[PDB]
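Working notes, beginning with the structure itself.
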Amino acid sequence: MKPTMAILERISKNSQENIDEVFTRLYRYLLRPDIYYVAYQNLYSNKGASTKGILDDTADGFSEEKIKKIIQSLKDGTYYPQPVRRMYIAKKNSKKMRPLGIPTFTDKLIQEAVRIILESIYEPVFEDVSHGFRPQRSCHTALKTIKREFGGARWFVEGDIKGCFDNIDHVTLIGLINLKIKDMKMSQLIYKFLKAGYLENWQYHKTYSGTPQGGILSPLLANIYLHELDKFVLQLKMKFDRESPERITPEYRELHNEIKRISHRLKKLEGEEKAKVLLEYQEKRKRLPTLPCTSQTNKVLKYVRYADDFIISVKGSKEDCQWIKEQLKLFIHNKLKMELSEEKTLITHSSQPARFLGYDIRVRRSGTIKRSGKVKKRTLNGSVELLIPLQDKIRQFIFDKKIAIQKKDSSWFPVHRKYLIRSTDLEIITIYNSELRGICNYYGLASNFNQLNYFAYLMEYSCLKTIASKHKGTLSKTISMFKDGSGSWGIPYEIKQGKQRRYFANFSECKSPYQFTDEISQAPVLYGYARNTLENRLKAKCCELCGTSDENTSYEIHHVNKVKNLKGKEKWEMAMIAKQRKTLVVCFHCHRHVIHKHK
RNA sequence: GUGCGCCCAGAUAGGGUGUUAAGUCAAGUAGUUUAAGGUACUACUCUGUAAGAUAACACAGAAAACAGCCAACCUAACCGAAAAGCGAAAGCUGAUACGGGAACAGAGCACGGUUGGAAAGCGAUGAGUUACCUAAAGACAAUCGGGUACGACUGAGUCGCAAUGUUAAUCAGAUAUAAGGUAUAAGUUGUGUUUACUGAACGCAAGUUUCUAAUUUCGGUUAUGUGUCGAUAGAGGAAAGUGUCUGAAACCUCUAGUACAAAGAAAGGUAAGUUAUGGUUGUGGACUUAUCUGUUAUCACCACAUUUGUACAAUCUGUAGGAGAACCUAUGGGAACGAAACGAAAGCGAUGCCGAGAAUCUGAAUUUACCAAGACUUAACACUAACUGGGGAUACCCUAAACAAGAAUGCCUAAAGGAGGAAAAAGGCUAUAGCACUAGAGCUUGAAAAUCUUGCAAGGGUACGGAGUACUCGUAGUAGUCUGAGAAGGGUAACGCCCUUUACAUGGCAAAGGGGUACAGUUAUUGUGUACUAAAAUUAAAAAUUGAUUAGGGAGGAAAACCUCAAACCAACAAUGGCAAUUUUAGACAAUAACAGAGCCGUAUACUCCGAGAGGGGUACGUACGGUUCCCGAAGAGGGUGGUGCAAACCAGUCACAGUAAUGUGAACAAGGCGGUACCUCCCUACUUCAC
RNA sequence: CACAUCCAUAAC
């Protein structure tokens with residue numbers, strides 16, 4: 001009959017085909033409970049699952065009967081999502097709080113389902129220039145887009161919108177949805193989420209090392225709003241550009257044409273008077289790469305957007321670059337009701353560093369003349385060349401985590417992190433290899449990535465001074481205790497296969513600025529394509545520590561996040577070390593007596 | 001829970017410190033002197049100066065001692081125990097029998113001792129094999145072509161430092177709070193490091209040790225030898241510097257790693273100051289000073305990077321700033337234009353203390369003018385220790401001493417006879433099957449020697465490691481004037497002080513370790529307080545109603561334009577109306593439970609290291625007594641009166657089955673009993689390693 | 001463009 005998940009894929013082709021359909025009758029799909037399994041095939045890969053909203057309902061309970069206790073309450077307009085619990089936290093290096101949000105498990109499975117319906121309709125309407133909270137797009141696709149078609153632009157518009165994600169209008173958002181979805185009971189389910197919700201966002205930009213992925217925490221809602229801007233300026237791109245004929249300058253064509261008249265003469269004679277005209281060939285060559293092959297009267301705008309930033313590269317004047325900053329204020333006022341901050345829409349001319357996603361971003365004008373071998377272009381003119389901010393960002397990291405020390409000649413000398421003596425030699429290197437591999441993998445596109453050598457010096461020699469103090473040893477005895485047999489140093493464990501070693505991270509295996517690893521590798525699980533999942537053990541109705549296959553006892557989910565905190569002396573922790581999984585079933589009689597023996 | 005470490009007393013059981021006073025000891029050789037002075041002179045002998053080559057005359061030296069270093073041997077204190085006694089074991093005791101044997105700290109408290117002159121460590125090293133790169137880009141062949149101190153792997157064979165220290169000989173004075181040093185607690189949290197608390201016992205003062213910098217290659221290069229594209233050097237390489245055939249007139253190494261001039265100019269080596277430190281206080285490298293006998297003859301020369309200025313180019317040289325780059329000033333390239341790390345901090349002051357040569361000058365100073373102070377040996381005096389002699393109230397282990405206390409065992413012949421007729425278990429007894437018991441099993445046999453349950457005189461062991469303020473016991477004796485005053489003064493200083501007076505045998509700390517009680521402080525529990533004063537930002541203030549608002553209902557299976565379906569209503573800011581622990585205004589406390597050492601300062605006293613000294617670092621906070629905040633230990637192990645289930649199994653009749661009772665019994669996780677394990681606990685314990 | 005050493009050893 002197409003079980004619901006082929007009907008949703010039937011729509012995600014349907015938006016692409018009709019270039020404007022008013023998509024009606026979307027509510028009837030949330031109720032057949034087959035899509036409420038892909039919601040449970042999503043909610044296992046999110047970090048923040050222990051913090052709760054106001055009621056004490058723990059983040060589990062995945063049972064087909066509360067599917068009815070869901071889906072029947074989705075019927076008579078009697079599901080109303082939770083009010084606010086403001087357990088405050090503030091952004092790095094600043095005194096600002098941006099409100100933080102969480103539901104009860106119920107809401108997470110409707111929300112994670114109204115995400116999938118709304119992701120079916122809007123995803124082939126999201127324009128290419130957005131790269132924020134999407135599939136198959138991340139931080140690095142934005143950077144890579146800058147490294148191609150931003151190349152060679154005279155000026156920047158390095159925008160900011162004054163709290164763009166707490167200023168989100170709860171009333172003209174829903175007016176925009178209801179151009180597309182012409183459905184009545186959908187919006188009221190959405191508008192239970194707006195004003196009975198929160199505004200529910202974070203600050204920790206360094207969690208993915210320069211990303212607001214925690215540091216904005218929402219579904220796609222924020223993108224649906226902004227897509228009216230990403231529709232506007234890619235409409236502004238056609239009013240702006242007027243493409244002129246002249247690309248190679250007329251100062252350049254008088255020198256470009258006279259090369260071929262005398263290069264045709266160089267082969268007609270070699271000898272002594274060849275060398276005399278070779279001086280008016282080779283010393284005349286000294287203003288040939290000083291002559292440039294580009295013209296700055298043609299007019300070209302670009303646009304890139306992540307979630308809340310956007311950067312706009314324009315081929316023109318500063319007259320022009322203060323007209324684009326004009327016809328944005330006429331917009332984010334009138335059609336989105338927000339202030340594009342005149343303080344911090346920094347126009348910075350391009351040859352100066354911008355700042356977009358934690359990179360410094362700029363065009364090269366340093367007129368060096370390399371070889372490309374027998375052929376020769378200027379490979380460094382007009383190339384957008386991304387850069388770490390070593391002075392803002394890595395300087396901050398090195399001192400925020402207490403690696404280093406400024407010395408009296410300003411030289412940073414590394415010492416031990418005081419609070420890490422309390423773990424093993426394997427725990428500390430896994431502390432430190434994790435931190436180093438994050439920044440380097442973040443900053444792998446950086447044209448001065450080689451410069452992170454100072455940072456990886458400091459990390460490596462401060463990992464060893466921690467392990468030094470715990471053993472009561474020195475920095476030299478600790479490479480001599482942890483010797484190999486090839487001059488490198490490692491950390492041993494006895495595990496089942498014989499001895500291995502933990503080494504330290506690197507460059508060529510954190511650098512690669514074309515390929516990378518696509519889910520941030522914080523002990524990643526496999527794709528369980530052998531039916532080990534959280535859906536076909538539900539149908540087994542099984543009892544592992546239970547023995548009685550009873551219907552009046554509720555089956556559910558016992559998914560806690562972490563497994564390293566389980567000790568193995570109590571009755572419940574001996575099952576999770578055997579099957580090696582975050583989760584199992586939980587009973588109606590099993591949870592309340594065996595887990596809750598003390599409390 | 002750091003080897004010792006209590007409290008009073010004594011001073012060789014082993015020792016330490018100080019004081020005088022005798023005796024002896026050794027200064028290259030002689031001389032003079034006194035004297036058995038010692039370095040002063042005189043004369044010779046040997047050595048030292050390569051500070052960047054050798055010789056000739058002047059400056060420094062020449063012993064013995066103790067104190068230390070290093071190495072190899074032999075042996076006190078310590079070990080599972082020999083061994084050995086001991087209600088037999090609970091625990092105690094090891095002249096020497098092996099094991100270490102300088103031990104782990106000498107820092108309060110011995111390892112010693114002979115013999116020799118030298119090891120860790122740290123920089124400059126072969127072997128012993130790399131694995132690699134090889135001046136030709138590569139292909140060709142250890143072509144020792146021709147490196148192997150390229151670093152490996154190797155674990156120590158060569159050179160340097162480590163490898164010394166102390167001991168009187170011109171006297172007094174002069175810029176004596178002189179420069180210049182040193183103390184002036186510790187900690188908590190103010191994190192904008194803004195002038196803040198605590199018996200801080202100092203005062204002022206918010207921005208300071210600190211970097212952003214080198215010009216006739218001092219680039220896009222670390223916080224290093226290096227290694228690579230430019231301007232800029234192409235003649236070897238395109239008949240191998242050993243060879244072969246090449247790529248190209250392209251290919252490597254330096255010079256073009258400076259346009260003048262000044263000087264020093266490699267190595268060792270002296271003494272200062274650094275970095276080395278790190279987390280506080282003392283031994284190797286490497287920077288930086290300065291210093292290494294004057295004069296003659298061969299000897300006396302080519303550097304080279306900076307010390308020095310420019311000298312011009314120069315990148316693109318902070319930058320505040322207006323400025324598509326090869327665009328515009330200006331203190332010009334520390335020149336606040338900016339940046340990063342760092343609290344009653346950096347600095348400056350104020351007080352009491354230290355202040356060598358005897359600064360350099362001034363009078364030195366008179367038979368070289370004066371010197372008695374090293375080390376041992378003996379005596380006398382003074383002191384002194386955590387050493388030595390004395391001195392001992394709670395919890396744990398033990399249980400012999402029938403020491404005090406409850407356990408004595410069968411029936412039938414027929415109670416008469418007794419079981420002394422018979423049997424024979426039972427308390428018993430040996431091994432150890434075995435799963436505790438049954439002791440098997442002949443057996444004293446028919447309560448003793450083994451039922452538990454306690455204990456003095458008992459026998460052991462541990463606690464003498466500071467947290468808050470009041471009481472038991474050995475004693476106010478073990479101390480005759482308490483080092484905490486007796487007792488009063490006496491300021492001080494925070495005190496207890498030490499200073500002045502003064503009491504006479506209860507006059508004195510109230511000798512020791514550990515208990516006990518009353519109220520405190522923190523943590524983990526457990527229950528509740530919740531008007532001692534009620535009303536509020538207003539959290540319970542989407543309620544209701546609302547506002548006369550608003551477009552919008554309810555239970556299910558199709559793609560989107562739309563298949564179907566059974567056939568007068570929730571929601572749209574809030575507003576408005578009582579309270580709860582309290583920020584808005586006040587005459588969260590109960591209840592139980594347990595309990596640790598970071599120091600620091602004052603006087604006394606014991607030690608050591610760095611310093612000329614003042615002082616600083618440590619020794620359990622060194623210890624004691626006075627003061628003070630900070631602060632409120634972890635983990636395993638056994639043990640359990642007290643906890644419980646399960647496979648086996650205990651035993652006659654709790655069970656059959658008869659029997660002279662016991663006896664063969666097939667059947668008790670029907671455990672009548674209860675171990676054997678598993679579990680959660682709950683409790684005790686420096687038992688064991690940690691932590692200071 | 002740049003791979004990375006020496007950071008000593010020893011008073012509680």
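Chain labels follow the order of the structure tokens: the first chain is A, the next B, and so on; residue numbering restarts at 1 in every chain, and ligands are counted from 1 in their shown order.
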(message) DSSP on the backbone: which residues in region 427-533 of chain A end up as strand (DSSP E)? Give the answer as a VMD selection string.
(response) chain A and resid 491 to 493 500 to 502
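For chain A, the residues within 6 Å of chain B are residues 154, 365, 406, 408, 409, 410 and 411 of chain A, with only C-alpha atoms (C1' of nucleotides) used to measure distance.
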(message) List as a PyMOL selection string the protein and nucleic acid residues near residue 541 (chain A), meaning an atom at most 12 Å away when only C-alpha atoms (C1' of nucleotides) are counted, but skip any in the same chain fewer than 2 places from it.
(response) chain A and resi 63-64+535-539+543-544+546-557+584-587
Find the spatial neighbours of residue 377 (chain A), counting only C-alpha atoms (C1' of nucleotides), within a cut-off of 12 Å - ignore same-chain residues fewer than 4 positions away - and output them as a compact mmCIF listing (two decimals) with N, CA and C atoms, in the first residue's frame.
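Once everything was written out, this is selection.txt:
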```txt
# COMPACT_ATOMS: atom_id res chain seq x y z
N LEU A 288 56.28 41.65 -18.07
CA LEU A 288 55.23 40.77 -18.56
C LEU A 288 54.42 40.12 -17.43
N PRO A 289 55.03 39.59 -16.32
CA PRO A 289 54.16 39.15 -15.23
C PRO A 289 53.89 40.30 -14.28
N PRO A 292 49.25 42.51 -15.50
CA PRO A 292 48.28 41.50 -15.06
C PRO A 292 47.15 41.28 -16.06
N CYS A 293 46.64 40.05 -16.07
CA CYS A 293 45.66 39.60 -17.04
C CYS A 293 44.21 39.57 -16.52
N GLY A 367 52.59 38.71 -5.50
CA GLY A 367 52.88 38.45 -6.89
C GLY A 367 54.12 37.63 -7.06
N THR A 368 54.09 36.38 -6.61
CA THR A 368 55.23 35.53 -6.86
C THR A 368 55.00 34.81 -8.17
N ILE A 369 56.09 34.32 -8.75
CA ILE A 369 56.07 33.69 -10.07
C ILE A 369 56.75 32.34 -9.93
N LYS A 370 55.95 31.31 -9.70
CA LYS A 370 56.47 29.96 -9.62
C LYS A 370 56.74 29.42 -11.02
N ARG A 371 57.16 28.16 -11.08
CA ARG A 371 57.08 27.35 -12.28
C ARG A 371 55.90 26.41 -12.11
N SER A 372 55.16 26.18 -13.17
CA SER A 372 54.40 24.95 -13.30
C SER A 372 55.14 24.00 -14.24
N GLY A 373 56.46 23.93 -14.07
CA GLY A 373 57.28 23.14 -14.97
C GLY A 373 57.63 23.84 -16.27
N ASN A 381 48.30 33.93 -7.64
CA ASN A 381 47.57 35.18 -7.73
C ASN A 381 46.08 34.90 -7.77
N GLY A 382 45.33 35.47 -6.83
CA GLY A 382 43.90 35.35 -6.88
C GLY A 382 43.40 34.00 -6.46
```
(message) One number please: CA of residue 185 (chain A) to CA of residue 28 (chain A), in Å, one decimal.
(response) 9.7 Å
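From CA of residue 306 (chain A) back to CA of residue 338 (chain A), the distance works out to 17.4 Å.
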Please return, as a compact mmCIF listing (two decimals) with C-alpha atoms, in the first residue's frame, all residues of chain A lying within 10 Å of chain C when only C-alpha atoms (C1' of nucleotides) are considered.
```
# COMPACT_ATOMS: atom_id res chain seq x y z
CA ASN A 450 51.91 23.04 8.37
CA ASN A 453 53.55 22.10 14.11
CA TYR A 457 54.83 20.03 19.53
CA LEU A 475 60.42 13.68 30.52
CA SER A 476 63.46 11.69 29.46
```
(message) Could you list, as a PyMOL selection string, every residue within 9 Å of residue 391 (chain B), counting only C-alpha atoms (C1' of nucleotides) and ignoring same-chain residues fewer than 4 positions away?
(response) chain B and resi 7-8+478+512
(message) Excluding region 384-397 of chain A and its own-chain neighbours fewer than 2 positions away, which residues fall within 6 Å of it when counting only C-alpha atoms (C1' of nucleotides)? Please give them as a list in words.
(response)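 Listing them by chain and then by number gives residues 147, 151, 359, 360, 361, 362, 363, 399, 400, 446, 447 and 448 of chain A.
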(message) Using DSSP secondary structure from the backbone, list all helix (DSSP H, G or I) positions within region 268-495 of chain A, as an MDAnalysis selection string.
(response) chainID A and resid 272:282 284:287 320:322 326:332 390:400 418:420 425:445 449:471 477:481
(message) Give me the residues near residue 626 (chain B) as a ChimeraX atom specification, where near means some atom within 8 Å (using only C-alpha atoms (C1' of nucleotides)) and where sequence neighbours in that chain fewer than 5 positions away do not count.
(response) /B:495-496,602
(request) Quote the spacing between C1' of residue 384 (chain B) and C1' of residue 625 (chain B) in Å to one decimal place. (result) 19.6 Å
